[PDB]
Amino acid sequence: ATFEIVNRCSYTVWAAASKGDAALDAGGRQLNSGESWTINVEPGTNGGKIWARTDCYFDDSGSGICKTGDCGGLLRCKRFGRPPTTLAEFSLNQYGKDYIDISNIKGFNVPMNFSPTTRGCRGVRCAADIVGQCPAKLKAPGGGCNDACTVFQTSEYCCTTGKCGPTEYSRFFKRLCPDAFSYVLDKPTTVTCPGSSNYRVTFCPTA
């Protein structure tokens, strides 16, 4: 499957793509404002994620640091990124269908649209100004808006027992972005697409 990753932000981002124990495609790349990077994701990939990283420095070997979404200091990510990270999430070719969503469960750093480029389903978007509106206690001094699990490490925020409810913090993310996951047991906003659909992830879709 093809994923075109487009940076419409006015700032550079370092795109990342992983399934947690491996890179997807090259795993990461710099995208200056306006640039597009097309990756290939193997059919059947379960639990894949794409995200943006901000304010990164990499040396000649591809090792360094980012302020949001750092994946063990690598340009080419093999693992998931450090919160806060807005997440495009997908599982492909699962009994004949693909499943996509956007999640704020690991916080929010960059606005994003995640849409099919082929027929048969609708996209999702989380493009509100979550960083600007972020509750004071969730603001990441490194940049972005942390989720409450990251900040407070409680069973209720992290859904550790599988029994949790919405919270003041999850409701903030849900109010700003109704069509993204705000906590682990949120009413799902997953979209079912045809199996083997192709996609576009656009950072800063509104400008």
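- As annotated in the PDB entry, the chain carries the name THAUMATIN-1 and comes from Thaumatococcus daniellii.
- In the PDB, the title recorded for this entry is "Structure of Thaumatin obtained by multi crystal data collection".
- Recorded under Function, the UniProt text for the chain is reproduced unchanged: "Taste-modifying protein; intensely sweet-tasting. It is 100000 times sweeter than sucrose on a molar basis."
- Taken from UniProt, the Sequence similarities comment for the chain reads in full: "Belongs to the thaumatin family."

Observations regarding the UniProt feature "disulfide bond" in the chain
Turning to step 1, where the next piece is worked out: For the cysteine pair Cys 126 and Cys 177, annotated in UniProt as disulfide-linked, the sulfur atoms lie 2.1 Å apart, within bonding distance in this model. Of this pair, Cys 126 sits in strand β10 (residues 124-126) while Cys 177 sits in the loop between α4 (168-176) and β11 (191-194), placing them 51 residues apart in sequence. Exposure class is identical for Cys 126 and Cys 177. Each is buried.
Turning to step 2, where the next piece is worked out: Between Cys 149 and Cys 158, where UniProt records a disulfide, the sulfur-sulfur distance comes to 2.1 Å, consistent with the annotated bond.

Here we look at the state of the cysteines
Among covalent bonds in proteins, the disulfide is the one between the sulfur atoms of two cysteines.
Turning to step 1, where the next piece is worked out: Using the criterion set out here, one finds 8 disulfides in the structure.
Turning to step 2, where the next piece is worked out: Sulfur-sulfur distance for the disulfide between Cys 159 and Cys 164 comes to 2.0 Å. Taking the torsion about the sulfur-sulfur bond, which here is approximately 90°, the covalent link between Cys 159 and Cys 164 counts as right-handed. Neither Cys 159 nor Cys 164 differs from the other in exposure class; each is buried.

With respect to the sheet that holds strand β9 (residues 112-116)
Turning to step 1, where the next piece is worked out: Spatially, β4-β1-β12-β9-β10 is the arrangement adopted by the 5 strands of the open sheet, whose pairing is mixed. Unpaired on one side and paired on the other, β4 (36-40) and β10 mark the two borders of the sheet. Between one strand and the next, the sheet's axes are offset by a mean angle of 15°, whatever the strand orientation.
Turning to step 2, where the next piece is worked out: Where strand β1 (residues 2-7) lies against strand β12 (residues 199-203), 5 bridges are found, and the strand directions are parallel. When the bridges of β12 are listed, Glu 4 appears paired with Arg 200.

A closer look at the pairing of strand β2 (residues 13-18)
Turning to step 1, where the next piece is worked out: Within β2, 6 of the 6 residues are buried, leaving the element largely enclosed by the surrounding structure.
Turning to step 2, where the next piece is worked out: Along β2, one buried face is formed by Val 13, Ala 15 and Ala 17 and the opposite face, lined by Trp 14, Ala 16 and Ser 18, is buried too.
Turning to step 3, where the next piece is worked out: Alignment of β2 against strand β3 (residues 23-31), held across 5 bridges, turns out to be antiparallel. The residue of β3 that forms the bridge with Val 13 is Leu 31.
Turning to step 4, where the next piece is worked out: With antiparallel pairing between neighbouring strands as the criterion, β2 and β3 make up a hairpin whose turn holds 4 residues, including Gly 20 at a positive phi of roughly 100°.
Turning to step 5, where the next piece is worked out: Inspection of the sheet shows β2 paired to strand β5 (residues 48-58) by 5 bridges, in the antiparallel sense. Looking at the pairing, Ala 17 lines up with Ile 50 of β5.

Structural notes on the pattern of salt bridges
Turning to step 1, where the next piece is worked out: This structure, assessed with the given rule, holds 6 salt bridges.
Turning to step 2, where the next piece is worked out: A salt bridge links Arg 29 to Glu 35, with the nearest nitrogen and oxygen atoms 3.3 Å apart.
Turning to step 3, where the next piece is worked out: Owing to a relative accessible area of 29%, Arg 29 belongs among the partly exposed residues under this scheme.
Turning to step 4, where the next piece is worked out: When its relative accessible area of 31% is taken as the criterion, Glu 35 is described as partly exposed.
Turning to step 5, where the next piece is worked out: Between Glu 168 and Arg 171 there is a salt bridge; the shortest N-O distance is 3.7 Å. Here the residue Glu 168 and the residue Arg 171 both occupy positions in helix α4, the gap between them amounting to 3 residues, near one helical turn.

Conventions and cut-offs
Residues numbered from 1 in each chain as written, not as in the entry; some residues may be left out. Heavy atoms only, no water. UniProt positions renumbered as here; feature names shortened; annotations may be inferred. Disulfide = S-S within 2.5 Å. Helix = DSSP H or I, 4+ residues; strand = E, 2+ residues; numbered from the N terminus. Buried < 20%, exposed > 50% of the residue type's maximum accessible area, 1.4 Å probe, protein only. Pairing = 2+ DSSP bridges. Axes fitted to C-alpha atoms, helices over the stretch in contact; angles between N-to-C directions. Salt bridge = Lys/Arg side-chain N within 4 Å of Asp/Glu carboxyl O.

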